[PDB]
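J.: So I've got this file, start31.cif, and it contains mmCIF, C-alpha atoms:
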```
data_structure
#
loop_
_atom_site.group_PDB
_atom_site.id
_atom_site.type_symbol
_atom_site.label_atom_id
_atom_site.label_comp_id
_atom_site.auth_asym_id
_atom_site.auth_seq_id
_atom_site.Cartn_x
_atom_site.Cartn_y
_atom_site.Cartn_z
ATOM 1 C CA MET A 1 -37.177 2.543 15.538
ATOM 2 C CA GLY A 2 -37.005 -0.996 13.918
ATOM 3 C CA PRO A 3 -34.903 -4.226 13.967
ATOM 4 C CA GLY A 4 -31.966 -2.590 12.092
ATOM 5 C CA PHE A 5 -31.607 0.149 14.739
ATOM 6 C CA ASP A 6 -32.093 -2.531 17.471
ATOM 7 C CA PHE A 7 -29.047 -4.538 16.282
ATOM 8 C CA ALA A 8 -26.964 -1.325 15.769
ATOM 9 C CA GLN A 9 -27.830 -0.083 19.328
ATOM 10 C CA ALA A 10 -26.835 -3.481 20.845
ATOM 11 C CA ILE A 11 -23.371 -3.156 19.211
ATOM 12 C CA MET A 12 -22.909 0.519 20.160
ATOM 13 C CA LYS A 13 -23.912 0.088 23.841
ATOM 14 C CA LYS A 14 -21.342 -2.704 24.592
ATOM 15 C CA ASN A 15 -18.718 -2.759 21.780
ATOM 16 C CA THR A 16 -17.695 0.922 21.202
ATOM 17 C CA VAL A 17 -15.362 3.385 22.882
ATOM 18 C CA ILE A 18 -14.424 6.959 22.006
ATOM 19 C CA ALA A 19 -10.822 6.959 20.692
ATOM 20 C CA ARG A 20 -8.755 10.181 20.567
ATOM 21 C CA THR A 21 -5.493 10.463 18.613
ATOM 22 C CA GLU A 22 -3.568 13.575 17.501
ATOM 23 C CA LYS A 23 -5.878 13.443 14.359
ATOM 24 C CA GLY A 24 -9.166 13.821 16.421
ATOM 25 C CA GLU A 25 -11.954 11.753 18.000
ATOM 26 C CA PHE A 26 -13.138 8.503 16.308
ATOM 27 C CA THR A 27 -15.806 5.908 16.976
ATOM 28 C CA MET A 28 -13.783 2.741 17.782
ATOM 29 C CA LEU A 29 -15.289 -0.764 17.532
ATOM 30 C CA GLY A 30 -14.097 -3.317 20.099
ATOM 31 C CA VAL A 31 -14.152 -6.847 18.555
ATOM 32 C CA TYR A 32 -12.938 -9.274 21.338
ATOM 33 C CA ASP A 33 -10.636 -9.271 24.433
ATOM 34 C CA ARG A 34 -8.627 -5.952 24.224
ATOM 35 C CA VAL A 35 -8.625 -5.850 20.357
ATOM 36 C CA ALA A 36 -10.380 -2.953 18.556
ATOM 37 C CA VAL A 37 -10.366 -1.375 15.070
ATOM 38 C CA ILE A 38 -10.107 2.208 13.795
ATOM 39 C CA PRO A 39 -9.455 3.813 10.347
ATOM 40 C CA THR A 40 -5.728 3.819 9.517
ATOM 41 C CA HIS A 41 -5.843 7.628 8.884
ATOM 42 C CA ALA A 42 -6.411 8.064 12.714
ATOM 43 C CA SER A 43 -2.593 7.495 12.871
ATOM 44 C CA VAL A 44 -2.525 5.468 16.114
ATOM 45 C CA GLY A 45 0.709 5.915 18.131
ATOM 46 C CA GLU A 46 2.189 4.385 21.338
ATOM 47 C CA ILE A 47 -0.507 6.151 23.489
ATOM 48 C CA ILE A 48 -4.197 6.714 22.694
ATOM 49 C CA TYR A 49 -7.090 8.194 24.767
ATOM 50 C CA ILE A 50 -10.001 5.727 25.317
ATOM 51 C CA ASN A 51 -13.121 7.439 26.821
ATOM 52 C CA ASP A 52 -10.685 10.242 27.906
ATOM 53 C CA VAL A 53 -8.330 7.751 29.752
ATOM 54 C CA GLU A 54 -4.630 7.645 28.764
ATOM 55 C CA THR A 55 -4.080 4.090 27.390
ATOM 56 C CA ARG A 56 -0.892 2.345 26.232
ATOM 57 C CA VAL A 57 -1.104 0.713 22.756
ATOM 58 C CA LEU A 58 0.275 -2.843 23.103
ATOM 59 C CA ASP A 59 0.223 -3.503 19.293
ATOM 60 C CA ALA A 60 -1.156 -1.720 16.181
ATOM 61 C CA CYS A 61 -1.199 -3.137 12.620
ATOM 62 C CA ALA A 62 -2.327 -1.235 9.498
ATOM 63 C CA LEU A 63 -3.855 -4.005 7.335
ATOM 64 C CA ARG A 64 -3.037 -4.397 3.625
ATOM 65 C CA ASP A 65 -4.273 -7.074 1.142
ATOM 66 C CA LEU A 66 -1.945 -9.642 -0.423
ATOM 67 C CA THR A 67 -1.623 -7.287 -3.488
ATOM 68 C CA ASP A 68 0.075 -4.912 -0.849
ATOM 69 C CA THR A 69 -2.906 -2.487 -1.224
ATOM 70 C CA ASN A 70 -4.174 -0.357 1.726
ATOM 71 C CA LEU A 71 -7.394 -1.699 3.418
ATOM 72 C CA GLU A 72 -7.708 1.432 5.729
ATOM 73 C CA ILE A 73 -8.278 -0.806 8.842
ATOM 74 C CA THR A 74 -5.855 -0.614 11.817
ATOM 75 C CA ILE A 75 -6.202 -3.393 14.424
ATOM 76 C CA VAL A 76 -5.226 -2.095 17.879
ATOM 77 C CA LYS A 77 -4.561 -4.060 21.067
ATOM 78 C CA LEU A 78 -5.240 -1.755 24.067
ATOM 79 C CA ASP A 79 -3.627 -1.949 27.570
ATOM 80 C CA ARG A 80 -7.146 -1.776 29.045
ATOM 81 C CA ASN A 81 -8.330 -3.436 32.284
ATOM 82 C CA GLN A 82 -11.551 -4.792 30.717
ATOM 83 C CA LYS A 83 -12.382 -7.088 27.745
ATOM 84 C CA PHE A 84 -14.949 -6.398 25.002
ATOM 85 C CA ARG A 85 -17.861 -8.759 24.483
ATOM 86 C CA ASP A 86 -16.695 -11.156 21.741
ATOM 87 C CA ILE A 87 -18.669 -10.147 18.533
ATOM 88 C CA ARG A 88 -16.529 -12.074 15.996
ATOM 89 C CA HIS A 89 -19.517 -14.361 15.168
ATOM 90 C CA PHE A 90 -21.315 -11.254 13.713
ATOM 91 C CA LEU A 91 -18.508 -10.658 11.129
ATOM 92 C CA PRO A 92 -19.059 -11.794 7.526
ATOM 93 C CA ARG A 93 -16.684 -14.416 6.103
ATOM 94 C CA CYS A 94 -16.677 -13.088 2.474
ATOM 95 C CA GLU A 95 -16.885 -9.815 0.469
ATOM 96 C CA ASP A 96 -20.589 -9.074 -0.270
ATOM 97 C CA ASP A 97 -23.323 -6.503 -1.028
ATOM 98 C CA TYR A 98 -26.031 -5.810 1.607
ATOM 99 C CA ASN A 99 -29.477 -4.237 1.895
ATOM 100 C CA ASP A 100 -30.811 -1.925 4.602
ATOM 101 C CA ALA A 101 -27.634 -0.982 6.545
ATOM 102 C CA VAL A 102 -27.271 1.450 9.559
ATOM 103 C CA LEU A 103 -24.192 3.623 10.190
ATOM 104 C CA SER A 104 -23.817 4.254 13.981
ATOM 105 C CA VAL A 105 -21.499 6.929 15.498
ATOM 106 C CA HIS A 106 -20.671 7.831 19.118
ATOM 107 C CA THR A 107 -18.343 10.784 19.823
ATOM 108 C CA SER A 108 -18.322 13.864 22.168
ATOM 109 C CA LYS A 109 -19.806 15.842 19.208
ATOM 110 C CA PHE A 110 -22.209 13.161 17.798
ATOM 111 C CA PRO A 111 -23.435 10.901 20.694
ATOM 112 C CA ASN A 112 -26.087 8.215 20.051
ATOM 113 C CA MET A 113 -26.146 8.922 16.258
ATOM 114 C CA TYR A 114 -27.782 6.304 13.934
ATOM 115 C CA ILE A 115 -28.163 6.777 10.139
ATOM 116 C CA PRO A 116 -30.218 4.454 7.842
ATOM 117 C CA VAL A 117 -27.875 4.465 4.799
ATOM 118 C CA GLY A 118 -29.878 1.875 2.734
ATOM 119 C CA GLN A 119 -28.292 -0.382 0.095
ATOM 120 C CA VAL A 120 -24.546 -1.155 0.416
ATOM 121 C CA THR A 121 -22.525 -1.991 -2.760
ATOM 122 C CA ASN A 122 -19.292 -4.048 -2.841
ATOM 123 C CA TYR A 123 -17.499 -1.101 -4.555
ATOM 124 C CA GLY A 124 -14.002 -2.677 -4.393
ATOM 125 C CA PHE A 125 -11.327 -0.181 -5.503
ATOM 126 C CA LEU A 126 -11.413 3.474 -4.272
ATOM 127 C CA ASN A 127 -8.740 6.164 -4.473
ATOM 128 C CA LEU A 128 -9.360 7.344 -0.871
ATOM 129 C CA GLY A 129 -7.689 10.716 -0.220
ATOM 130 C CA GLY A 130 -5.039 9.825 -2.876
ATOM 131 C CA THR A 131 -4.388 6.280 -1.508
ATOM 132 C CA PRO A 132 -5.411 3.205 -3.588
ATOM 133 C CA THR A 133 -7.676 1.207 -1.256
ATOM 134 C CA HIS A 134 -9.415 -2.192 -1.698
ATOM 135 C CA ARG A 135 -12.510 -3.910 -0.142
ATOM 136 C CA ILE A 136 -14.568 -0.649 -0.026
ATOM 137 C CA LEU A 137 -18.338 -0.680 0.662
ATOM 138 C CA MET A 138 -20.360 2.298 -0.684
ATOM 139 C CA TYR A 139 -23.714 3.770 0.436
ATOM 140 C CA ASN A 140 -25.660 6.752 -0.994
ATOM 141 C CA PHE A 141 -25.732 8.985 2.100
ATOM 142 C CA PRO A 142 -24.038 12.419 2.439
ATOM 143 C CA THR A 143 -21.760 11.477 5.363
ATOM 144 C CA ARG A 144 -19.802 14.364 7.014
ATOM 145 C CA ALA A 145 -16.602 14.905 9.064
ATOM 146 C CA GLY A 146 -17.044 13.338 12.514
ATOM 147 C CA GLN A 147 -18.418 9.943 11.274
ATOM 148 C CA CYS A 148 -15.077 8.162 10.617
ATOM 149 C CA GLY A 149 -14.874 4.905 12.575
ATOM 150 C CA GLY A 150 -18.681 4.671 12.548
ATOM 151 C CA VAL A 151 -19.951 1.098 12.578
ATOM 152 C CA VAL A 152 -21.877 -0.268 9.569
ATOM 153 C CA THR A 153 -24.346 -3.069 10.458
ATOM 154 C CA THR A 154 -27.246 -5.040 8.974
ATOM 155 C CA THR A 155 -29.605 -7.140 11.153
ATOM 156 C CA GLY A 156 -27.258 -9.794 12.580
ATOM 157 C CA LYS A 157 -23.977 -8.616 10.933
ATOM 158 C CA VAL A 158 -21.211 -6.045 11.563
ATOM 159 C CA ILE A 159 -19.885 -5.415 8.045
ATOM 160 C CA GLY A 160 -17.545 -2.392 8.055
ATOM 161 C CA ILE A 161 -16.256 0.890 9.548
ATOM 162 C CA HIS A 162 -16.812 4.285 7.876
ATOM 163 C CA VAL A 163 -13.554 5.718 6.370
ATOM 164 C CA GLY A 164 -14.583 8.546 3.969
ATOM 165 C CA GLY A 165 -17.116 10.386 1.820
ATOM 166 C CA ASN A 166 -17.355 12.523 -1.363
ATOM 167 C CA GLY A 167 -20.318 14.679 -0.182
ATOM 168 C CA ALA A 168 -22.984 12.423 -1.929
ATOM 169 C CA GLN A 169 -21.628 8.911 -1.090
ATOM 170 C CA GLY A 170 -20.067 7.334 2.015
ATOM 171 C CA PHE A 171 -17.415 4.619 2.034
ATOM 172 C CA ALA A 172 -16.605 1.879 4.602
ATOM 173 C CA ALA A 173 -13.692 -0.586 4.928
ATOM 174 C CA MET A 174 -14.987 -4.197 5.082
ATOM 175 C CA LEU A 175 -14.642 -6.187 8.281
ATOM 176 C CA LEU A 176 -14.032 -9.912 7.607
ATOM 177 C CA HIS A 177 -13.973 -12.728 10.209
ATOM 178 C CA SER A 178 -10.478 -13.831 8.969
ATOM 179 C CA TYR A 179 -8.960 -10.500 10.229
ATOM 180 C CA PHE A 180 -9.586 -11.616 13.905
ATOM 181 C CA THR A 181 -8.968 -15.428 13.963
ATOM 182 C CA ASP A 182 -6.506 -16.482 16.760
#
```
Let me see the file written as structure tokens.

T.:
Amino acid sequence: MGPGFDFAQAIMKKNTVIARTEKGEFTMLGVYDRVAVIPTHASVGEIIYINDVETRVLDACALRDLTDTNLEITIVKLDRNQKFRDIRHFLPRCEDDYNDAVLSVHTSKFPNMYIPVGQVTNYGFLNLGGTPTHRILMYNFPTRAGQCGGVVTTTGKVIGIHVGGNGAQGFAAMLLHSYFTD
């Protein structure tokens, strides 16, 4: 409906796939080449379904910070026959707060879903389902089951992936450019 939704749509239409694990369906953001991200609680194994196609996992790494604290991001390299558009130039270099973000989801259940979540706080520490987690972004929107893996954007930046909620607030794991340097 406006420039925020325009940027979100441009990311969803070329840089997302539907990922299925034994823990359900997730929005999955493709970053460059065959490299994508997903919340670590999706529990990626040796095989994953990508748009309902059986796909070998070539590598999967659950990221932690240098304090050895969970970041809730898993980086996955997929044995897929096609590369993602390279969007690494849209990733922020540092931890930050943001205004006027959009959370965008695409699953079998919730296709073409876009939510204006408003102001995003650099929350930092969160006990997420019992697990100490760092680099958490928070927004004041009552996010629900089915939105995990959803992409958080501002105009011109891809800043995080949705990883949880408490009924009143939603929480995203930061994406930083340094996670995807090669």

J.: Excluding residue 27 of chain A and its own-chain neighbours fewer than 4 positions away, which residues fall within 8 Å of it when counting only C-alpha atoms? Please give them as an mmCIF file with C-alpha atoms, keeping the file's coordinate frame.

T.:
```
data_model
loop_
_atom_site.group_PDB
_atom_site.id
_atom_site.type_symbol
_atom_site.label_atom_id
_atom_site.label_comp_id
_atom_site.auth_asym_id
_atom_site.auth_seq_id
_atom_site.Cartn_x
_atom_site.Cartn_y
_atom_site.Cartn_z
ATOM 1 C CA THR A 16 -17.695 0.922 21.202
ATOM 2 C CA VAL A 17 -15.362 3.385 22.882
ATOM 3 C CA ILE A 18 -14.424 6.959 22.006
ATOM 4 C CA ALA A 19 -10.822 6.959 20.692
ATOM 5 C CA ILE A 38 -10.107 2.208 13.795
ATOM 6 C CA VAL A 105 -21.499 6.929 15.498
ATOM 7 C CA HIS A 106 -20.671 7.831 19.118
ATOM 8 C CA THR A 107 -18.343 10.784 19.823
ATOM 9 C CA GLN A 147 -18.418 9.943 11.274
ATOM 10 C CA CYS A 148 -15.077 8.162 10.617
ATOM 11 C CA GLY A 149 -14.874 4.905 12.575
ATOM 12 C CA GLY A 150 -18.681 4.671 12.548
ATOM 13 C CA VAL A 151 -19.951 1.098 12.578
#
```

J.: In Å, rounded to a single decimal, give me how far atom CA of residue 12 of chain A is from atom CA of residue 24 of chain A.

T.: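 So the two atoms, atom CA of residue 24 of chain A and atom CA of residue 12 of chain A, lie 19.5 Å apart.
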
J.: The PyMOL selection byres ((chain A and resi 6) around 12) on the file shown: which residues, as a list in words?

T.: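 On the file shown, the PyMOL selection byres ((chain A and resi 6) around 12) covers residues 1, 2, 3, 4, 5, 7, 8, 9, 10, 11, 12, 13, 101, 102, 104, 114, 153, 154, 155 and 156 of chain A.
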
J.: For the PyMOL selection byres ((chain A and resi 87) around 9), applied here, can you spell out every residue it catches as a ChimeraX atom specification?

T.: /A:11,15,30-32,84-86,88-91,158

J.: Between A:169, A:181, A:21, A:69, single out the one closest to residue 132 of chain A, counting all atoms listed in the file.

T.: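 Comparing A:169, A:181, A:21, A:69 against residue 132 of chain A, the winner is A:69.
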
J.: Find, counting all atoms listed in the file, the residue in A:161, A:48, A:36, A:28 that gets nearest to residue 77 of chain A.

T.: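 Ranking A:161, A:48, A:36, A:28 by distance to residue 77 of chain A, first place goes to A:36.
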
J.: What separation in Å, quoted to one decimal, exists between atom CA of residue 119 of chain A and atom CA of residue 100 of chain A?

T.: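 Those two atoms sit 5.4 Å apart.
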
J.: Just to confirm, what's the straight-line distance from atom CA of residue 182 of chain A to atom CA of residue 98 of chain A in Å (one decimal)?

T.: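 Atom-to-atom, atom CA of residue 182 of chain A to atom CA of residue 98 of chain A, that is 26.9 Å.
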
J.: Would you mind listing what lies within 10 Å of residue 71 of chain A as number ranges by chain, with all atoms listed in the file counted and same-chain residues fewer than 6 positions away left out?

T.: A: 39-40, 62-65, 125, 131-136, 172-175

J.: Filtering to C-alpha atoms, could you give me those residues as a compact mmCIF listing (two decimals), keeping the file's coordinate frame?

T.:
```
# COMPACT_ATOMS: atom_id res chain seq x y z
CA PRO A 39 -9.46 3.81 10.35
CA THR A 40 -5.73 3.82 9.52
CA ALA A 62 -2.33 -1.24 9.50
CA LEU A 63 -3.86 -4.00 7.34
CA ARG A 64 -3.04 -4.40 3.62
CA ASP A 65 -4.27 -7.07 1.14
CA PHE A 125 -11.33 -0.18 -5.50
CA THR A 131 -4.39 6.28 -1.51
CA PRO A 132 -5.41 3.20 -3.59
CA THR A 133 -7.68 1.21 -1.26
CA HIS A 134 -9.41 -2.19 -1.70
CA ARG A 135 -12.51 -3.91 -0.14
CA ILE A 136 -14.57 -0.65 -0.03
CA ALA A 172 -16.60 1.88 4.60
CA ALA A 173 -13.69 -0.59 4.93
CA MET A 174 -14.99 -4.20 5.08
CA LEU A 175 -14.64 -6.19 8.28
```

J.: Box for segment 51-69 of chain A - axis-aligned, 6 Å on each of the six sides, all listed atoms - centre and size in Å to one decimal, as JSON.

T.:
```
{"center_x": -6.4, "center_y": 0.3, "center_z": 13.1, "size_x": 25.4, "size_y": 31.9, "size_z": 45.2}
```

J.: Counting all atoms listed in the file, figure out which residue out of A:33, A:52, A:22, A:72 gets nearest to residue 127 of chain A.

T.: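 The closest residue to residue 127 of chain A is A:72.
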
J.: For the provided coordinates, the residues matched by the PyMOL selection byres ((chain A and resi 54-59) around 6) should be stated as a compact mmCIF listing (two decimals) with C-alpha atoms, in the frame of the given file.

T.:
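Written output follows (out15.txt):
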```txt
# COMPACT_ATOMS: atom_id res chain seq x y z
CA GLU A 46 2.19 4.38 21.34
CA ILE A 47 -0.51 6.15 23.49
CA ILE A 48 -4.20 6.71 22.69
CA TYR A 49 -7.09 8.19 24.77
CA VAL A 53 -8.33 7.75 29.75
CA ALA A 60 -1.16 -1.72 16.18
CA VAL A 76 -5.23 -2.10 17.88
CA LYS A 77 -4.56 -4.06 21.07
CA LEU A 78 -5.24 -1.76 24.07
CA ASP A 79 -3.63 -1.95 27.57
```

J.: Point out the residue among A:124, A:146, A:45, A:160 with the least atom-to-atom distance to residue 29 of chain A, counting all atoms listed in the file.

T.: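 Distance minimum relative to residue 29 of chain A lands on A:160.
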
J.: Considering all atoms listed in the file, can you say which of A:130, A:96, A:25, A:121 comes closest to residue 70 of chain A?

T.: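 Checking each of A:130, A:96, A:25, A:121 against residue 70 of chain A, counting all atoms listed in the file, the winner is A:130.
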
J.: Identify which of the residues A:145, A:94, A:66, A:163 lies closest to residue 128 of chain A, counting all atoms listed in the file when measuring atom-to-atom distances.

T.: A:163
